[PDB]
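Just one chain is shown here, as structure tokens, and it is the form deposited in one PDB entry.
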């Protein structure tokens, strides 16, 4: 009968892969079976992965996610006992796009911009960046985009005033986590063609309002 594989050891091989290896038990193991699952699920619902060598690469994993796993050998007598558990967390990767940009337009020159958190954060989001710029009718920039800097970049809304009347602008929003900046959500809008609705702004410090012609 085979003993348990020894020194089970796992290391992230990326944001969607883990490398798990162990020492062959003495005897004549024919192969190994690995059980692995997301932290918070269960061994009873484990994924089951066969290997003919004393290592495996776990694939199609979630980014920034803890996985638990263990491994047994099988041989002439069937499966031996499993190794002790190991836990390993995949790397972060950049977030997905923010949600579709929402514009609550106040006037011909003022709009609120807001967006939902990325559907996949793939890590811990530490900031958003909003850019905006004039475009012509083919979404071709007229001059450079402008980057907005704000006191709290984790906020998902911005007020923008002093936009040029009846001109289209491109707006973009992207999100950052520990892996870096993810892809941009873009929208092109002209306030002239939007429904107008009044806004109430509490008279308090640090309102995130951007002057578009400065």
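By rigid core we mean the largest C-alpha set that fits within 1.5 Å across both forms. Numbering follows the first chain given and starts at 1.
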Does the comparison with other PDB entries of this protein show residue 195 lacking coordinates in a third or more of them, where both adjacent residues are built? yes
Quick one: say whether 40-48 or 165-173 has the higher mean Cα B-factor in the deposited entry. 165-173
Which is higher in the entry, the mean Cα B factor of 53-61 or that of 22-30? 22-30
Entry record, C-alpha B-factors for 157, 145, 160, 187; the maximum is at 157
So if I compare the CA B-factors in the entry for 111, 114, 96, 136, which one is the largest? 136
Lowest, middle or highest third: where is residue 149 by Cα B-factor in its chain? highest
On the chain's distribution of Cα B-factors, residue 121 falls within the third called middle
What third of its chain, lowest, middle or highest, does the C-alpha temperature factor of residue 84 fall into? middle
Lowest, middle or highest third: which one holds residue 77 when the chain's residues are ordered by CA B-factor from the entry? highest
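Quick note: we don't show the form deposited in another entry, though the next part is all about it.
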Would you mind telling me which residue of 125, 72, 110, 88 shifts its Cα by 2 Å or more between this form and the one not shown when the core is superposed? 110
Residue 39: CA shift of at least 2 Å between this form and the one not shown after core fit? no
Indicate whether residue 59 shows a C-alpha shift of 2 Å or more between this form and the one not shown, with the rigid core used for the fit. no
On a core-based superposition, does residue 150 travel 2 Å or more at its Cα between this form and the one not shown? yes
How does the CA gap of residue 153 and residue 147 change in that other deposited form versus this form, closer or farther, if it moves 3 angstroms or more? farther
